[PDB]
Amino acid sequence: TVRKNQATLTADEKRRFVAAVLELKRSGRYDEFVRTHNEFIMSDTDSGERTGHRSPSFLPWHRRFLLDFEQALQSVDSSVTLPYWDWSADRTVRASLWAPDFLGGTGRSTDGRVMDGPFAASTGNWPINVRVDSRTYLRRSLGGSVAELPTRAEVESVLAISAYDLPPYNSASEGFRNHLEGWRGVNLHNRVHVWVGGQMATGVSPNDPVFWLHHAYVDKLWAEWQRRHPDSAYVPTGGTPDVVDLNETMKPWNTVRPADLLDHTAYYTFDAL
């Protein structure tokens, strides 16, 4: 399977991706991805057990989570693969990503409600069910709470960082993982969440289908880092309380380790790396 830049999909590929996501929503499967993500975003803490985020396993955990999602999509339409959103390149509200034939656009100014595209509440096809408040409609405020998406030069400054992660292996860390996650430095991944706004800025962010495309590009950046730093590798490598060491298994699956996910080519390649 090849993961393609969203910008490059044909109209038929976009149609088939949208249909597969809507069918996962209709069948009830989609919402359980939202719920799983929320359970870890709430339970992972800097001073305690941490697996899905704020920790070295942020990257292999999301790699496995995205594979689970892509396998669910392929169970609906075997031709579909997960595309990625290069937010350094496709960085305005006018990008084809946000067109009505793909994800739809920003929210209206009164309540943030997305009014167009396949995921607009008015279609009846995108109920927000896993939620933290009464509102059941997709919301966005593109560029509302932060000025700009990261640039290619900001991304390259993070790719340059040679340590994968460093003690204390949490949101206070130096090193590549925490600069890509964005809790320190120029801020890549967290800032994209803030830029989209609406559910993407919350603890139920997979409610927006752009979640997966954003995380597929974060996953590509890990792969790019690995080629830049062939002698650097996942850490820690054993005996770290509360943190997933390289050969420890990860929740919720329990049957996979970071070690099993370092080499993405076992599962997919990129259009260009």
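Residue indices: 1-based, along the sequence shown. Under this definition, the rigid core comprises the largest set of C-alpha atoms superposing within 1.5 Å between the forms.
Chemist: Quick one: with the core lined up, is it 129-137 or 101-109 that wanders further in 8 other deposited structures of this protein, going by C-alpha RMS?
Modeler: The stretch that sits farther from the shown form in 8 other deposited structures of this protein is 129-137.
Chemist: Would you mind comparing 9-17 and 258-266 for me and telling me which has the higher average C-alpha temperature factor in the entry?
Modeler: According to the entry, 258-266 carries the higher average C-alpha B-factor.
Chemist: Regarding 24-32 and 241-249, which shows the higher C-alpha temperature factor on average in the entry?
Modeler: Per the PDB record, 241-249.
Chemist: Can you tell me which of 122, 136, 96, 170 has the maximum CA B-factor listed in the PDB entry?
Modeler: Among 122, 136, 96, 170, the highest C-alpha B-factor in the entry belongs to 96.
Chemist: Hey, out of 178, 129, 199, 110, whose CA B-factor is highest in the deposited coordinates?
Modeler: Within the set 178, 129, 199, 110, 110 shows the top C-alpha B-factor.
Chemist: Sorting by Cα B-factor within the chain, modelled residues only, which third would residue 38 end up in: lowest, middle or highest?
Modeler: Within its chain, residue 38 is a middle-third residue by C-alpha B-factor, going by the deposited values.
Chemist: Lowest, middle or highest third: where is residue 51 by C-alpha B factor in its chain?
Modeler: Answer is middle: the recorded C-alpha B-factor places it there.
Chemist: If you rank the chain by CA B-factor, which third does residue 190 end up in: lowest, middle or highest?
Modeler: According to the entry, residue 190 has a C-alpha B-factor in the chain's lowest third.
Chemist: Within this chain's modelled residues, let me know which third the CA B factor of residue 149 belongs to: lowest, middle or highest.
Modeler: Middle third, going by the recorded CA B-factors of the chain.
Chemist: Is residue 233 in the lowest, middle or highest third of its chain when residues are ranked by C-alpha B-factor?
Modeler: Its C-alpha B-factor belongs to the highest third of this chain's values.
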